[PDB]
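Presented below is the structure to which this report refers.
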Amino acid sequence: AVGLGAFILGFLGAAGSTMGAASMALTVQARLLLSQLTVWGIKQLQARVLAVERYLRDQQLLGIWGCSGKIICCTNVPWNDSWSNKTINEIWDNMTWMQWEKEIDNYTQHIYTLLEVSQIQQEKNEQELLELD
Amino acid sequence: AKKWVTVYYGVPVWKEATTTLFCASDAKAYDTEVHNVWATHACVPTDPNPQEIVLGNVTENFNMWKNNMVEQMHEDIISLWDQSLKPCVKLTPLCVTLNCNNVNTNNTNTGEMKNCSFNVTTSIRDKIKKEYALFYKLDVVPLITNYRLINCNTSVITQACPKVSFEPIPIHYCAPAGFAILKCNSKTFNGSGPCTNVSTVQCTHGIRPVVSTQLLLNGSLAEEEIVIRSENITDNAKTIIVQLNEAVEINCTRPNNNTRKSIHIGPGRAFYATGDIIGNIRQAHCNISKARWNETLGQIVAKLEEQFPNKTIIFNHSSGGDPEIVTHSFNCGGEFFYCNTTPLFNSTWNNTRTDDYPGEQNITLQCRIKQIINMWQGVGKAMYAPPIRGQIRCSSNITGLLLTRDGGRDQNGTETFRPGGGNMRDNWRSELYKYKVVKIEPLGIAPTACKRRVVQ
Amino acid sequence: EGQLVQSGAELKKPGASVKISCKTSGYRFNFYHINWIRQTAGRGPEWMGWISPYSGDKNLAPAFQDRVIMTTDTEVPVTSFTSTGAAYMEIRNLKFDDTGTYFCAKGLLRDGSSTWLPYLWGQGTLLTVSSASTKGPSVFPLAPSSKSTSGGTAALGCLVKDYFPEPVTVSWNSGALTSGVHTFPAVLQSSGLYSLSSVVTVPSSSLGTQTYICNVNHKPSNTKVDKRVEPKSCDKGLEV
Amino acid sequence: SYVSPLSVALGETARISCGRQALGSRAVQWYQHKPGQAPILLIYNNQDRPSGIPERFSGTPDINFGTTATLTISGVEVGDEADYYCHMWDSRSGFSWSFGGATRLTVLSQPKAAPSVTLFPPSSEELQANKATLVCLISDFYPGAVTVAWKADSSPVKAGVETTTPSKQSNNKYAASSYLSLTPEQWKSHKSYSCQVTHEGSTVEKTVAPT
Amino acid sequence: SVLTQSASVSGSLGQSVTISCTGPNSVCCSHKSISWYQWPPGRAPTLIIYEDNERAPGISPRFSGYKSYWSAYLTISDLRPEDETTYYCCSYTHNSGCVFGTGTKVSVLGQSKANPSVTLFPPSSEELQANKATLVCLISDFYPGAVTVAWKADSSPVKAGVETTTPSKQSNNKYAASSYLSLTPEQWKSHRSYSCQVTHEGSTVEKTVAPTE
Amino acid sequence: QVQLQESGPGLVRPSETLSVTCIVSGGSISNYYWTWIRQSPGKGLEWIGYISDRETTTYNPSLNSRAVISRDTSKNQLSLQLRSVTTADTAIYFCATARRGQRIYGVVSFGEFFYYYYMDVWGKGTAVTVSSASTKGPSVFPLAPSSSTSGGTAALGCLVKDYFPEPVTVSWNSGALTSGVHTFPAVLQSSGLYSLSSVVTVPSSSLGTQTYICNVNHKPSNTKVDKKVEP
Ligand SMILES: *[C@@H]1O[C@H](CO)[C@@H](O[C@@H]2O[C@H](CO)[C@@H](O[C@@H]3O[C@H](CO[C@H]4O[C@H](CO[C@H]5O[C@H](CO)[C@@H](O)[C@H](O)[C@@H]5O)[C@@H](O)[C@H](O[C@H]5O[C@H](CO)[C@@H](O)[C@H](O)[C@@H]5O)[C@@H]4O)[C@@H](O)[C@H](O[C@H]4O[C@H](CO)[C@@H](O)[C@H](O)[C@@H]4O[C@H]4O[C@H](CO)[C@@H](O)[C@H](O)[C@@H]4O)[C@@H]3O)[C@H](O)[C@H]2NC(C)=O)[C@H](O)[C@H]1NC(C)=O
Ligand SMILES: *[C@@H]1O[C@H](CO)[C@@H](O[C@@H]2O[C@H](CO)[C@@H](O)[C@H](O[C@@H]3O[C@H](CO[C@H]4O[C@H](CO[C@H]5O[C@H](CO)[C@@H](O)[C@H](O)[C@@H]5O)[C@@H](O)[C@H](O)[C@@H]4O[C@H]4O[C@H](CO)[C@@H](O)[C@H](O)[C@@H]4O)[C@@H](O)[C@H](O[C@H]4O[C@H](CO)[C@@H](O)[C@H](O)[C@@H]4O)[C@@H]3O)[C@H]2NC(C)=O)[C@H](O)[C@H]1NC(C)=O
Ligand SMILES: *[C@@H]1O[C@H](CO)[C@@H](O[C@@H]2O[C@H](CO)[C@@H](O[C@@H]3O[C@H](CO[C@H]4O[C@H](CO)[C@@H](O)[C@H](O)[C@@H]4O)[C@@H](O)[C@H](O[C@H]4O[C@H](CO)[C@@H](O)[C@H](O)[C@@H]4O[C@H]4O[C@H](CO)[C@@H](O)[C@H](O)[C@@H]4O)[C@@H]3O)[C@H](O)[C@H]2NC(C)=O)[C@H](O)[C@H]1NC(C)=O
Ligand SMILES: *[C@@H]1O[C@H](CO)[C@@H](O[C@@H]2O[C@H](CO)[C@@H](O[C@@H]3O[C@H](CO[C@H]4O[C@H](CO)[C@@H](O)[C@H](O)[C@@H]4O)[C@@H](O)[C@H](O[C@H]4O[C@H](CO)[C@@H](O)[C@H](O)[C@@H]4O)[C@@H]3O)[C@H](O)[C@H]2NC(C)=O)[C@H](O)[C@H]1NC(C)=O
Ligand SMILES: *[C@@H]1O[C@H](CO)[C@@H](O[C@@H]2O[C@H](CO)[C@@H](O[C@@H]3O[C@H](CO[C@H]4O[C@H](CO)[C@@H](O)[C@H](O)[C@@H]4O)[C@@H](O)[C@H](O)[C@@H]3O)[C@H](O)[C@H]2NC(C)=O)[C@H](O)[C@H]1NC(C)=O
Ligand SMILES: *[C@@H]1O[C@H](CO)[C@@H](O[C@@H]2O[C@H](CO)[C@@H](O[C@@H]3O[C@H](CO)[C@@H](O)[C@H](O)[C@@H]3O)[C@H](O)[C@H]2NC(C)=O)[C@H](O)[C@H]1NC(C)=O
Ligand SMILES: *[C@@H]1O[C@H](CO)[C@@H](O[C@@H]2O[C@H](CO)[C@@H](O[C@@H]3O[C@H](CO)[C@@H](O)[C@H](O)[C@@H]3O)[C@H](O)[C@H]2NC(C)=O)[C@H](O)[C@H]1NC(C)=O
Ligand SMILES: *[C@@H]1O[C@H](CO)[C@@H](O[C@@H]2O[C@H](CO)[C@@H](O[C@@H]3O[C@H](CO)[C@@H](O)[C@H](O)[C@@H]3O)[C@H](O)[C@H]2NC(C)=O)[C@H](O)[C@H]1NC(C)=O
Ligand SMILES: *[C@@H]1O[C@H](CO)[C@@H](O[C@@H]2O[C@H](CO)[C@@H](O)[C@H](O)[C@H]2NC(C)=O)[C@H](O)[C@H]1NC(C)=O
Ligand SMILES: *[C@@H]1O[C@H](CO)[C@@H](O)[C@H](O)[C@H]1NC(C)=O
Ligand SMILES: *[C@@H]1O[C@H](CO)[C@@H](O)[C@H](O)[C@H]1NC(C)=O
Ligand SMILES: *[C@@H]1O[C@H](CO)[C@@H](O)[C@H](O)[C@H]1NC(C)=O
Ligand SMILES: *[C@@H]1O[C@H](CO)[C@@H](O)[C@H](O)[C@H]1NC(C)=O
């Protein structure tokens, strides 16, 4: 509200949904931001509890990677070319997140552990080891 | 030039799944008291302006027949009936034998309303009184004494509370936070295929839960030409859902000025029966403009003739169905009409054009009315519609109609189309042919050239 | 993977027009541009224009901005990430110097600084512009000749002579025989008619177990010739 | 079963209801009958009147249901006094064979009038048949009520006296007569005979004597 | 063409070679993007260097791209037998279209010689029936680029009806060519033998056919 | 434009077949409907039945066991006969031209319409008395003028002695004189028979050479009597 011109590009983000186009202005925002014993009272309660559960799962993964409050967090785990041969320009200028997910879906479960142990498990030890002195 | 993985929260990635949605209506009770049972007063009120995101460059397969949204909506309608009839009066003490007479009128050249008399236990158990009531002919069957009620041997009977209304109110189906509804926006969408244009919405549109047989009322109109939808049109056993662009206006009435008679049958269980009729005696009917139904059937025969090269032969209707399936059953003003759709499907066309039609006469269909119904082919509790005081009048737009292609022996029998619902759920598939439920997976990893600040 | 198949070679008189097709598959037709590149012997390769199948935007070179009409058809989905498309290009007021091969090319990247770049190319649509008329070819059988006396190999084939349209197709046993076949480029006679040859090397002992038939198809004349090569030779090195 | 009465002022507007009220859409007819004369149809369709029926009469049509069928007459004169019948044809009933109950309309309020009496003696040919009857006529009297008293000489007769119940004529007045059977010897023996017609306040008398 | 490339260039087997691509300010190198295409004669070209230095997908790291403010360069390292063909550069931007250059033909030196294969065919009997006679001399499988053909009638030069094709490249990195000699049956019958003489820079192969056989 | 005339016996012996006839002069009998309505004294009008233009009968259910209606095609007349009459069947009979009307209260295809008849033309009406008793003819006596009032206005008349039935027609000079005529209603004498008379008021200037002769016509007694009235 009350934001014209100087703020209107603020609504038009850029580098976020830059992997091709299988999205729109609020394809990201339609999920992140859109939040009596009858059948509608029971079905709604299971829908609210499911929403909370699915939210805390993602944020927990983010927490156990060192990425809790972050949207774009970098990591110290290198990219193994066994997962992808392509370059940064073949990925971000030629594919959409929908089909990039479909490709790396094989190694996706593996990288999740690598994010957990190879860094934020090590970082929190290294940072505690070196803050002894 | 190195490559490190980088996590991204909020990526436009979705997978197809099924979840438990919830209702969403518009108005409540203090503006319209005791307004609905189909779309109850309890579900979340819809937001003032809906948010619809049209998804460019997106192409995804839909399927109206394998969609689980019609399965959930079907079981929501069924279960919403039990919770409403549960506390209301059961008509168990009303299967005593019935001494029935016919209605008194002059000689003609039979009757539809009848007049039955029976004795029932008063509110006091030991004492008994004899009462009279007028039950429609399709509610009594013979067994010295004439009739009994129809549903006795089959199952129990429960009278719906007169406070509730059987009005279809637009109800929305909304997916929970974390899921999404993808909506096909193509002007002529195949039954089950890829949609070139997709949108996403948190909720569906105003889907009036109109229970109807053979004809679809108050539905959604396609905006260009008409659409024929079948899971397999070469397969005769697959139902055919049709959709129109210009809906045909229908008009129906029950002219008899009935009355409401309250017969006490138990403690605080006042049963309501049709009292004596007032004024003229005449049956219920439905008017359909002949000029509009001819053009509509003219538009339907065109698309049918494009799917079949030899132009076949035009169809008739209504084989194999004794009660609810053959008639065009639909609610109006509270009573359940059962129309005879023979004036509509008695035609024959060839090379388009016309035949079997002769001005501007309203097409009239003699519609019989019942009060005992067991809906959705459900074995068990059957509802007794209470009588409606005064004269009944309604009107509706017919947007679609269900047909069924018939096949004769092996070959060369030539084919017609008997209208008939292959299942109850086919009414909902006409409104959920475009919506699909999907879940969002917003966590995406991808390689960039950034490395997190080194251990320090 | 993604593939592009153009129309066949055509012949048109100077003054008329031609419309070449380019039917794509394997990829989302709307995601990438479609370029049109021709190569004439007088000026080498020359870029004509591109069109955006998605939007409909087109960019024509100044040397083709008055005589080229590019269009595309709407994509037909195959899966959620592929489709089949069709792009067309129409050149008007053909001249003799327009003679050459014409290519359609798929774009390179969806977004960036070189999106439209010609990446996946078509197989070629040779367009000849002349005042003469189409002439069908005359096929003659080539007698077997000795290739290696100690190795026991020979060589036989067919001969195409005096045909004006440039495209030429030679197949053996309706495509059954593909190993050992060698087809040579055409020669430009002083009269303006082309001629070439096609030969296949086969063992000398294969005379009574294999049948060798060449299938020459000259589509601009709509003539199919099926000649049976006589396996009886007259070379002294092969008779031994 | 029989006929019912009704009293209406002269020149004012009248309202004749109808028995057996309608159950559905009604088609009522209204017949105007006079005893001994032919009935005349005023209204066939509930609002329609055939040619010759004056505009004074009017029926209530059943445009909206619940109305009750009433025949209304304006400017009631003596010529309107007659039996009225209401034929009831509604959709719920069958074939209404019997006509409605007659409504005996009576009118009141008129100017004064005096009758004219003409008593005549028995003729000569009557006396030849060994009989003799006196004949006393009464014409144009004000109200039906009238009492005829005979007088043989100055004494009343009281025997063999027969008088008419007054009935209305074409001139909207009533007419009546009175007879007195006698023997030829009783007619000749008396000096004179007197027929005294007492009407309302006044009393007229005619006297005739033998020759 | 305003975009000028080197006319020709050559390098040894396993050595490296460099192609130049430059032109006027309308096609200058400072502000325009330069792409490179390996365009064999007759076949569809193949992108190798999409921006100034980023190579196309699936391109060996042997191809390098460099561009100065005054000339763009393509460098082929560890040369192969298949790297001997025509190459073109394209000058463009994000919205404009390609501008192809003059072209460069790379030669691969430090090679293994290949003995040519010659085959001569006499005209068939069906051709002689139509009063036509054409000699067919085919050459293939020779690595040296050029070949010269000289026809002889009874060991005497022939200068009428001699049509020789340009040397093409074989799928096995070799080369091939063909030469035809149209004759009349009077000249074909009144001679003892005809000869197809193919001459290379290291050896001259001769094949002879006789009308008597 | 339609005139009806009733003709009948007038007297019927009990337990016999009363007959009557209704002659039509307006139009065709196969073009209209016809119905009979009798009028007994002291009771209301009674509908006994009707006949259609296609000639198929149906009668009032009370009298249906004894009434028969038939129409003649050659002669524009309507016949009505009554079997086993009593003294109740004693009545003034009316033949009337009925009209069929259709009152529709819904859709025509599903019935929802009833027919209703109305008689818009009525005949003069004939009287029929049923009794075993015989006829008695009337005798006419002249009424000499009072040799009456000032202005030379005299009043004469002609008397009709006791007659058996009330049906009586009286005319003056074969109907030539119509001004001043005033026939009085019949008085039921204790002898069981009625007796009326007529009067005429004429000027005294024409009271001498008037030659007035009143004509008394009576149908049940079959007698027509003329009488001269002179001072
Ligand atoms: C669905 O389809 C069905 C089937 O088509 C439709 O059914 C229709 O239902 C209605 C219900 O009202 C029926 O209405 C009835 O129509 C009759 C006939 O009216 C027509 O004829 C009139 C003249 O014709 C008469 O006279 C001729 C001789 O002159 C005779 O030969 C005839 O037989 C007739 O007796 C004419 O005047 C009418 O015009 C009026 O109506 C038309 C169309 O309705 C209008 O366009 C006009 O402007 C004008 O208004 C018409 O052409 C009517 O007479 C009936 O009306 C009376 O009866 C009602 C019963 O309660 C009463 O309430 C009304 O007030 C009305 O009363 C009038 O008439 C009485 C005397 O007759 C008076 O007493 C009264 O005071 C008043 O004057 C009645 O309306 C239709 O017949 C029927 N249609 C068909 C074709 O069957 C149905 O409507 C459709 N729609 C739906 C949603 O259901
Ligand atoms: C669905 O998928 C589609 C893929 O098929 C998407 O299309 C792609 O959209 C991307 C996002 O915009 C583009 O990045 C991508 O390629 C771009 O191409 C641009 C050149 O074309 C643009 O500008 C042209 C300028 O017009 C003038 O100049 C040309 C010169 O040839 C001339 O012919 C014209 O007549 C005119 O005079 C224009 O031709 C193009 O149409 C286009 O945009 C214009 O037109 C559209 C539609 O009419 C209009 O809406 C716009 O407002 C413009 O007016 C390059 O310039 C661009 O690179 C620049 O920008 C990027 C920013 O990312 C920057 O990184 C570069 O350095 C450079 O500055 C880029 O290369 C495009 N590809 C194709 C082939 O369509 C589509 O967007 C997608 N939809 C959704 C929902 O996302
Ligand atoms: C953005 O993303 C899209 C798709 O996600 C991507 O498009 C695809 O690019 C790839 C690039 O390779 C195209 O795939 C094929 O690549 C092979 C490479 O050949 C070598 O490598 C293979 C595999 O190692 C070996 O098997 C092979 O022997 C080679 O060593 C090409 O050979 C294919 O090219 C065809 O066309 C060529 C034209 O030059 C021919 O030379 C070749 O023979 C192929 O012929 C095809 O078509 C012929 C005509 O009908 C037919 O005769 C053949 O049998 C064959 O079918 C091909 O290029 C792939 O096609 C692209 N499309 C899709 C939908 O995947 C973009 O590249 C990417 N953008 C960027 C910048 O990354
Ligand atoms: C499929 O079903 C539909 C709906 O039922 C049929 O449509 C009806 O068809 C019937 C005939 O089968 C039509 O009925 C006919 O009505 C005519 C009336 O029109 C005249 O009269 C009206 C006023 O009442 C005027 O407005 C009009 O201008 C005409 O002057 C009758 O004349 C016809 O009479 C025939 O039938 C009767 C009764 O059987 C006989 O007595 C006659 O001799 C004659 O044979 C007839 O009654 C009806 O009108 C149509 N309805 C509509 C909505 O228009 C289709 O015909 C049917 N198709 C099939 C079976 O193939
Ligand atoms: C309307 O809906 C129809 C389905 O009810 C669409 O039918 C299409 O018909 C074609 C006929 O060629 C099918 O192709 C068959 O594919 C199967 C295997 O399926 C797999 O491969 C196809 C390749 O097209 C792919 O689309 C599928 O997703 C599977 O991966 C083969 O075994 C057959 O031989 C045949 O090739 C299509 O599968 C089918 N649906 C499509 C196109 O998705 C019809 O196209 C629709 N029409 C319109 C106008 O929408
Ligand atoms: C792809 O689907 C979208 C969504 O339907 C289509 O865009 C729609 O086009 C209609 C055409 O009139 C627009 O109409 C609008 O209606 C709204 C009321 O809902 C009104 O407020 C607007 O003023 C306008 O009249 C509408 O903008 C648009 N849909 C939306 C989001 O409103 C589109 O046509 C489909 N395909 C393509 C590519 O056209
Ligand atoms: C079923 O019932 C509906 C509604 O009761 C009927 O709709 C009616 O359609 C006619 C079409 O002419 C409307 O007439 C309109 O009149 C207005 C006012 O003069 C005029 O401006 C329009 O141009 C038009 O002529 C009529 O109003 C409308 N009735 C309504 C809205 O109440 C329909 O005819 C019935 N169809 C059947 C029996 O099949
Ligand atoms: C349909 O049937 C209903 C009856 O179920 C009819 O309603 C009745 O209408 C009459 C008027 O003719 C009502 O009489 C009214 O009573 C109220 C007080 O109750 C009084 O204020 C009025 O002055 C009048 O006397 C009667 O009460 C009412 N009966 C009810 C409502 O139960 C109706 O007229 C019929 N309609 C048609 C078109 O058939
Ligand atoms: C449509 O109408 C035709 C009219 O004949 C029906 O055909 C009859 O169908 C019955 C039941 O199968 C057969 O026993 C008869 O033999 C058929 N007709 C004749 C005369 O042979 C047909 O069944 C109807 N079908 C629909 C669509 O209701
Ligand atoms: C993904 O994993 C599944 C496991 O069954 C395997 O079959 C499939 O080939 C893999 N796909 C890719 C693209 O790696
Ligand atoms: C119920 O009773 C009716 C009437 O006797 C009979 O027709 C019907 O078959 C019975 N149904 C069952 C399931 O008993
Ligand atoms: C439709 O039915 C036919 C005949 O049974 C069958 O061959 C075909 O596979 C079916 N197609 C679909 C889409 O179900
Ligand atoms: C129905 O439509 C057809 C084709 O337009 C026409 O021939 C026919 O007359 C129409 N029938 C009616 C009753 O309007």
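The way I read the labels, and the way they are meant: chains A, B, ... in the order of the structure tokens, residue 1 as the first residue of every chain, and ligand 1 as the first ligand shown, with later ones counted on from there.
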
Next on the checklist: Taking only C-alpha atoms and all ligand atoms into account, which residues have an atom no farther than 12 Å from ligand 13? I'd like them as JSON, numbers by chain.
Outcome noted: {"B": [289, 290, 291, 292, 293, 294, 295, 296, 297, 298, 299, 300, 301, 302, 344, 347, 348, 349, 350, 351, 352, 353, 354, 355, 356, 357, 358, 359, 360, 361, 362, 363]}

Next on the checklist: Using only C-alpha atoms and all ligand atoms, which residues of the polymer chains come no farther than 10 Å from ligand 1? I'd like the answer as a PyMOL selection string.
Outcome noted: (chain B and resi 250-255+279-280+284-289+360-365+393-395) or (chain D and resi 24-28+44-48+59-65+91) or (chain F and resi 101-113)

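When only C-alpha atoms are used to measure the gap to residue E:111, the shortest distance among E:38, E:178, E:173, E:187 belongs to E:173.
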
Next on the checklist: Only residues of chain B matter here; which ones have an atom within 7 Å of chain A, counting only C-alpha atoms? Give them as a PyMOL selection string.
Outcome noted: chain B and resi 3-13+20-23+43+53+55-58+176-179+440+447-448+450-452+455-456

Next on the checklist: Using DSSP assignments from the backbone, pull out every residue in stretch 232-376 of chain B that falls under strand (DSSP E or B) and give it to me as a ChimeraX atom specification.
Outcome noted: /B:240-243,248-258,260-266,269-274,278,284-289,328-332,335-339,362-370,372-373

Checklist entry - What lies within 12 Å of residue F:224 using only C-alpha atoms, ignoring chain neighbours under 2 positions off, as a VMD selection string? => result chain F and resid 137 to 140 160 168 to 171 174 214 to 222 226 to 227

Around ligand 6, which protein and nucleic acid residues have at least one atom no more than 7 Å from it, if we count only C-alpha atoms and all ligand atoms? List them as a CSV table (one decimal) with C-alpha atoms, in the first residue's frame.
```csv
chain,number,residue,atom,x,y,z
B,52,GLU,CA,-5.4,-15.8,-9.0
B,54,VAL,CA,-1.7,-17.1,-14.1
B,185,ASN,CA,-7.9,-22.0,-18.5
B,186,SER,CA,-8.1,-23.3,-22.1
B,197,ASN,CA,-2.7,-22.3,-20.2
B,198,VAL,CA,-2.6,-22.9,-16.4
B,199,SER,CA,-3.4,-20.7,-13.4
```

Next on the checklist: ligand 9: which residues are within 10 Å, counting only C-alpha atoms and all ligand atoms? Reply as an MDAnalysis selection string.
Outcome noted: chainID B and resid 314:320 342 345:346 404:406 408 415:419

Just-selected residues, N, CA, C and O atoms written as an mmCIF file, in the first residue's frame:
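So the final result, stored in part.cif, reads:
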```cif
data_model
loop_
_atom_site.group_PDB
_atom_site.id
_atom_site.type_symbol
_atom_site.label_atom_id
_atom_site.label_comp_id
_atom_site.auth_asym_id
_atom_site.auth_seq_id
_atom_site.Cartn_x
_atom_site.Cartn_y
_atom_site.Cartn_z
ATOM 1 N N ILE B 314 -30.042 -40.231 -34.716
ATOM 2 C CA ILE B 314 -30.376 -39.453 -33.491
ATOM 3 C C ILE B 314 -30.929 -40.407 -32.432
ATOM 4 O O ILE B 314 -31.319 -41.534 -32.774
ATOM 5 N N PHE B 315 -30.879 -39.968 -31.194
ATOM 6 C CA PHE B 315 -31.184 -40.828 -30.031
ATOM 7 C C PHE B 315 -32.494 -40.504 -29.319
ATOM 8 O O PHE B 315 -33.087 -39.425 -29.469
ATOM 9 N N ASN B 316 -32.943 -41.536 -28.627
ATOM 10 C CA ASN B 316 -34.026 -41.489 -27.646
ATOM 11 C C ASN B 316 -33.475 -41.857 -26.271
ATOM 12 O O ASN B 316 -32.254 -41.923 -26.094
ATOM 13 N N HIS B 317 -34.346 -42.101 -25.288
ATOM 14 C CA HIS B 317 -33.862 -42.093 -23.913
ATOM 15 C C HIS B 317 -34.583 -43.091 -23.016
ATOM 16 O O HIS B 317 -35.666 -43.592 -23.334
ATOM 17 N N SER B 318 -33.948 -43.353 -21.866
ATOM 18 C CA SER B 318 -34.581 -43.861 -20.650
ATOM 19 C C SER B 318 -34.951 -45.339 -20.682
ATOM 20 O O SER B 318 -36.126 -45.687 -20.521
ATOM 21 N N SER B 319 -33.969 -46.218 -20.850
ATOM 22 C CA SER B 319 -34.178 -47.656 -20.754
ATOM 23 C C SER B 319 -33.510 -48.184 -19.489
ATOM 24 O O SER B 319 -32.402 -47.762 -19.145
ATOM 25 N N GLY B 320 -34.192 -49.098 -18.787
ATOM 26 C CA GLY B 320 -33.606 -49.830 -17.684
ATOM 27 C C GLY B 320 -33.801 -49.211 -16.314
ATOM 28 O O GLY B 320 -33.499 -49.861 -15.306
ATOM 29 N N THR B 342 -39.003 -37.197 -22.359
ATOM 30 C CA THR B 342 -39.289 -37.730 -23.687
ATOM 31 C C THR B 342 -39.482 -36.619 -24.719
ATOM 32 O O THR B 342 -39.037 -36.779 -25.862
ATOM 33 N N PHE B 345 -35.778 -35.739 -26.084
ATOM 34 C CA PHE B 345 -34.905 -36.705 -26.736
ATOM 35 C C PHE B 345 -35.678 -37.636 -27.662
ATOM 36 O O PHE B 345 -35.349 -38.812 -27.787
ATOM 37 N N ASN B 346 -36.715 -37.123 -28.319
ATOM 38 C CA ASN B 346 -37.512 -37.904 -29.256
ATOM 39 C C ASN B 346 -37.230 -37.502 -30.701
ATOM 40 O O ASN B 346 -38.073 -37.691 -31.582
ATOM 41 N N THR B 404 -25.390 -41.162 -22.820
ATOM 42 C CA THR B 404 -24.729 -42.464 -22.825
ATOM 43 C C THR B 404 -24.909 -43.102 -24.193
ATOM 44 O O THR B 404 -26.039 -43.361 -24.616
ATOM 45 N N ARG B 405 -23.796 -43.346 -24.881
ATOM 46 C CA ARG B 405 -23.840 -43.994 -26.185
ATOM 47 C C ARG B 405 -24.163 -45.473 -26.017
ATOM 48 O O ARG B 405 -23.591 -46.149 -25.157
ATOM 49 N N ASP B 406 -25.082 -45.975 -26.836
ATOM 50 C CA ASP B 406 -25.481 -47.374 -26.792
ATOM 51 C C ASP B 406 -24.872 -48.136 -27.962
ATOM 52 O O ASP B 406 -24.789 -47.620 -29.081
ATOM 53 N N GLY B 408 -24.949 -51.798 -30.201
ATOM 54 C CA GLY B 408 -25.789 -52.935 -30.522
ATOM 55 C C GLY B 408 -25.059 -54.091 -31.174
ATOM 56 O O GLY B 408 -24.594 -53.980 -32.313
ATOM 57 N N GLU B 415 -26.065 -46.142 -34.003
ATOM 58 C CA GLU B 415 -25.937 -45.750 -32.605
ATOM 59 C C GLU B 415 -26.780 -44.528 -32.269
ATOM 60 O O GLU B 415 -26.808 -43.553 -33.024
ATOM 61 N N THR B 416 -27.439 -44.584 -31.114
ATOM 62 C CA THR B 416 -28.142 -43.464 -30.500
ATOM 63 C C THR B 416 -27.476 -43.142 -29.157
ATOM 64 O O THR B 416 -26.428 -43.696 -28.814
ATOM 65 N N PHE B 417 -28.093 -42.242 -28.389
ATOM 66 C CA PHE B 417 -27.510 -41.756 -27.137
ATOM 67 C C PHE B 417 -28.593 -41.658 -26.070
ATOM 68 O O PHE B 417 -29.403 -40.726 -26.089
ATOM 69 N N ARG B 418 -28.591 -42.592 -25.121
ATOM 70 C CA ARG B 418 -29.529 -42.539 -24.005
ATOM 71 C C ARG B 418 -28.974 -41.661 -22.893
ATOM 72 O O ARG B 418 -27.927 -41.994 -22.324
ATOM 73 N N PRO B 419 -29.622 -40.550 -22.550
ATOM 74 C CA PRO B 419 -29.167 -39.758 -21.400
ATOM 75 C C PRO B 419 -29.317 -40.531 -20.097
ATOM 76 O O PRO B 419 -30.356 -41.141 -19.831
#
```
